[PDB]
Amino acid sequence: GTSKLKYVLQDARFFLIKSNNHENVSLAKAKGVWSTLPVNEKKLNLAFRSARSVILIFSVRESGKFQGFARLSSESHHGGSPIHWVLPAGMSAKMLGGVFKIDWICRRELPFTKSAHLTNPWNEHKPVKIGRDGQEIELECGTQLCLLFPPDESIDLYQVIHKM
């Protein structure tokens, strides 16, 4: 059912994460971690203290899809492990320093064609698929977007609820 999901999303904050490649999203799904540029790391650390749940909604650039969504379980932390991210042009390992722990809520894909009816008030009411890495998605739009994903029956939200 969707009842536990709706409970997790209650009063949550939502941020769009844009990854340049699939490999880092695969690594994030396997290890339960994410790293972003310092401007967005600062925003997510602030949000983590401000809300019961902070939800990251992932999209790989050029894929035409979202790849899933996850809840922050911690603020960013340094010096825990050297995550072997694949670094784009101009990107360095010192910028992707700062690791957040995340619990995946859905590891399934959602094509952008399925979210064409959802617009984000915090990005000029453009379609929610449009936005830069770290763009905040308003509550109602973000909730409806997360509810569009196929259910991920491999995940038990019971342990997520206990982190809250």
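Residue indices: 1-based, along the sequence shown. Note that the rigid core is defined as the largest set of C-alphas that superpose within 1.5 Å between two forms.
Root-mean-square C-alpha deviation from the shown form, taken over all structures in 8 other deposited structures of this protein superposed by the rigid core, is larger for 35-43 than for the alternative among 35-43 and 62-70. Remark: when the other structures in 8 other deposited structures of this protein are fitted onto this one via the rigid core, 95-103 deviates more than the alternative among 95-103 and 23-31, judged by RMS CA distance. When the C-alpha B-factors of 50-58 and 95-103 are averaged, 95-103 comes out higher. Stretches 120-128 and 29-37 differ in mean C-alpha B factor, with the higher average recorded for 29-37.
Residue 42: CA B factor lies in the highest third for its chain, per the PDB record. The deposited CA B-factor of residue 21 belongs to the highest third of values across its chain.
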